[PDB]
Each structure stands twice: as structure tokens, then as C-alpha cells.
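What follows is one chain in C-alpha cells, specifically the form deposited in one PDB entry.
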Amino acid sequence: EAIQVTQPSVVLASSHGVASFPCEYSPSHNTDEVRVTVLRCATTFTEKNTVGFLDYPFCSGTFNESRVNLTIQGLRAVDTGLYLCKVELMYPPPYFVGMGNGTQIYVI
């Protein structure tokens, strides 16, 4: 009784320290209000707002349906480890929430 949030297992942070991975979910026809949060930056994707993490400059996100292509930039080595993606579908009521097993982001 929750949505099937799918992260990738281990993620290899990039040259300048920018990790990118897709966070997919399964009952994904509730697309109007869709807040996505990152736990070890968060934004709410609607129609008025289409590229998120405006208030979280270290993060980049592009929504389409059952996949969210994600980007955390500026990651140090002192940050490596467990990264989690939470998919809230605030509309229609009633909410329909989910969380993923996490991502080991190893910041070489």
C-alpha cells in the first residue's frame, strides 16, 4: 500500500562532483502536484513550476511521468553514502506517497 519508488543501487559521482540517477515510481498518473525530496534539497513539480530545485541550487530535476532524472551537484567526498528519494503525489486527494531503498553515491 505505497508507491514503487525505484532508485539505482550505487551511483558514481562525476568529475566536478555531480551525481545523476533516475527515480521512477509506479502509480504515476497523479501528476499535478508532485513534491520530490532528497534525504541522506526538495521541490514541488506542478504546471506553474516545471524545472525544480530553484531554492536548492545544488540540485537539478526533470520530470516526465514514471521517471524523474535527478542531479545533485557539488558533492564532496565528505558527503558520500546513502541518498534517498521520496515521491509525494499531493493531488488528487488523498495523498499517495512512497520512498526508495536509497542510493549509495560514491564520490570518487
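What we label the rigid core is the largest C-alpha set whose atoms superpose within 1.5 Å from one form to the other. Numbers for residues come from their place in the sequence shown, where the first is 1. Only residues modelled in both forms are compared.
Below: the form deposited in another entry, not depicted.
Only one of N30, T62, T80, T71 has its Cα shifted by 2 Å or more between the shown form and the other one after fitting on the core, and that residue is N30. Relative to this conformation, an increase of 3 Å or more in the Cα-Cα distance between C85 and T31 is found in that other deposited form.
Between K48 and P22, the C-alpha separation shrinks by 3 Å or more in that other deposited form, relative to the conformation displayed. Under a 2 Å criterion for C-alpha shift, the consecutive stretches of 3+ residues that differ between the shown form and the other one after core superposition lie at 30-32, 46-50.
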